[PDB]
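Asks: Quick one, structure for this:
(2 chains)
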Amino acid sequence: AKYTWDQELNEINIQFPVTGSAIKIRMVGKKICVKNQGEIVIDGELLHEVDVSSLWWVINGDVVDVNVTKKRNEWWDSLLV
Amino acid sequence: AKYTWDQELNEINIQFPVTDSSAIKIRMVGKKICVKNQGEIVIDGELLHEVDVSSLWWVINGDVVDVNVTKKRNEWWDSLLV
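Replies: Residues are numbered from 1 along each chain as shown, chains lettered A, B, ... in the order given. Provided below are the atomic coordinates:
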């Protein structure tokens, strides 16, 4: 497992460890690409639509925390399609 | 001008006006600095010299956000950004 995720009714959160500049994150529509030092963390399509402009991330110690707001307030069964 | 800044020999201070409670987003990684206020970019650049990113702190004083970070080296900076 390269990452974990959790959700609030209106938001998705993704976490992964900093190895060890390096952090590249792009969302276009539902497509999501997260790389860390060239290694792919996630390369897929989110289950539902998000507000791509709301995308934010920070580093807390050894962990990167990524947050994006959902378009629709509903629980997601999974992160990706 | 979206912000102002000043310095001590060992510290950088950045100020900008407010507009709750996820409105203020601040990230520094290495020398890269991103400050957003209600989604609007305040700063998006690279600091002139290295700072201790762990020392980064900010607070709201009335209508003004004050950001402080400690310089790695004790020297005057000609500019805030590269």
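
Asks: secondary structure element for the residue most central in space within chain A?
Replies: The structure's chain A has its C-alpha centroid closest to residue A:14; by C-alpha atoms, centre = their mean the separation is 4.4 Å. Per DSSP states H and E, residue A:14 falls inside strand A:11-17.

Asks: which residues does the residue nearest to the centre of chain A contact?
Replies: By C-beta atoms under 8 Å, 6 or more residues apart in numbering or on different chains, the contact set of residue A:14 is A:3, A:4, A:5, A:34, A:42, A:65, A:66, A:79. Just so you know, the C-beta spots here come from the backbone N, C-alpha and C atoms, and that holds for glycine as well.

Asks: so, in contact with chain B or not, the helix or strand containing residue A:32?
Replies: Of the helices and strands defined by DSSP H and E, residue A:32 is found in strand A:31-36. No: judged by C-beta under 8 Å from any C-beta of the partner chain, strand A:31-36 and chain B are separated, with a smallest distance of 12.1 Å.

Asks: May I see the buried residues of the helix or strand hosting residue A:45?
Replies: Secondary structure from DSSP H and E places residue A:45 in strand A:39-45. Of the residues in strand A:39-45, A:41, A:42 count as buried by neighbour count, 16 or more other C-beta atoms under 10 Å in any protein chain shown.

Asks: List the contacts of stretch A:33-51.
Replies: Contact with stretch A:33-51 is made by A:2-3, A:12, A:14, A:16, A:18-19, A:22-27, A:29-32, A:64, A:66, A:68-72, A:74, A:76-81, as judged by C-beta under 8 Å, 6+ apart.

Asks: what does stretch A:55-70 give?
Replies: Stretch A:55-70 has contacts (C-beta under 8 Å, 6+ apart) with A:7, A:9-18, A:23, A:25, A:27, A:34, A:36, A:48-52, A:54, A:76, B:25, B:27, B:29, B:36.

Asks: Sheet partners, orientation included, of the strand holding residue A:32?
Replies: Strand pairing for strand A:31-36, using DSSP bridges, gives strand A:23-28 (antiparallel), strand A:39-45 (antiparallel).

Asks: what angle separates it from strand A:11-17?
Replies: Orientation check (axes from the mean of the first three to the mean of the last three C-alpha atoms, to 10 degrees): strand A:31-36 against strand A:11-17 gives 30 degrees.

Asks: okay, now the closest residue to residue A:42 other than its chain neighbours: neighbour count?
Replies: Sequence neighbours aside, residue A:34 is the residue nearest to residue A:42 in space, at 4.4 Å (criterion: C-beta to C-beta, 6 or more residues apart in numbering or on different chains). Per other C-beta atoms under 10 Å in any protein chain shown, the neighbour tally for residue A:34 reads 22.
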